[PDB]
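The structure tokens that follow cover one protein chain in two forms, given apart as structure 1 and structure 2.
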Structure 1
């Protein structure tokens, strides 16, 4: 909506935003494969890449943060990848992108440098709630 990506608006110097979400990633992906996936068309063009990893099952959550050094790199990646399928063979999930709310290598670095409280008891680690009966 306010965060959907318009190529021509990057091309024309309007939309200077550099942080982007790669969405619909198969739950069955590693950071490394994502790197490799991106580096096919966009090697060297990004400041920051984090494929978000669930604390509990250590799967990815289906999206990643990437900050491109230059906004036009978004066009290179989008044209090449948005629309296409992650794996024509092993997942029906297809790739899409949108601007993140947090923008800029600097804020991204702080997001993940500073841990959050998880509970009032600091000895706690996240425990799913489940019941039976």
Structure 2
């Protein structure tokens, strides 16, 4: 229990309007595409930012990821379906868990990474954003250019 614990009741009532979530304990061989597909099982079209950092030296990710949901209620959908479940049906070790992210909001996450050096590694390792509203909601958006 800390300032980043996710409480569903206070999300539903509007007490906590944070939208960015840290996904924990990801097996290090997951790719960004696999994570996107994993989330889309229950939350397709409900988020507009996804980043799973890939350590290019190894063949592994850092074990966690950050996702910005468009509406806070979508956290309840993802959490109630995935929290406590195994990342791999053959291994009890890695269990999906969530908490609030320390950087909140699509705008802040864009500003964090648009000038970052990871934007010039392979696109498979880059943060991704998606259309937040309208008929194109959920489609991938070009990341804004560096502004520094």
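Positions refer to the first chain, counted from 1. C-alpha atoms forming the largest set that superposes within 1.5 Å between two forms make up the rigid core.
Looking at 106, 92, 36, 70 after a core superposition between structure 1 and structure 2, you find that only 92 has a C-alpha shift of 2 Å or more. For residue 11, the Cα coordinates differ by under 2 angstroms between structure 1 and structure 2 after the core has been superposed. Lined up on the core, residue 59 has its CA atom moved by 2.0 Å between structure 1 and structure 2. Superposed on the rigid core, the forms differ at residue 50: its CA is offset by 0.7 Å between structure 1 and structure 2.
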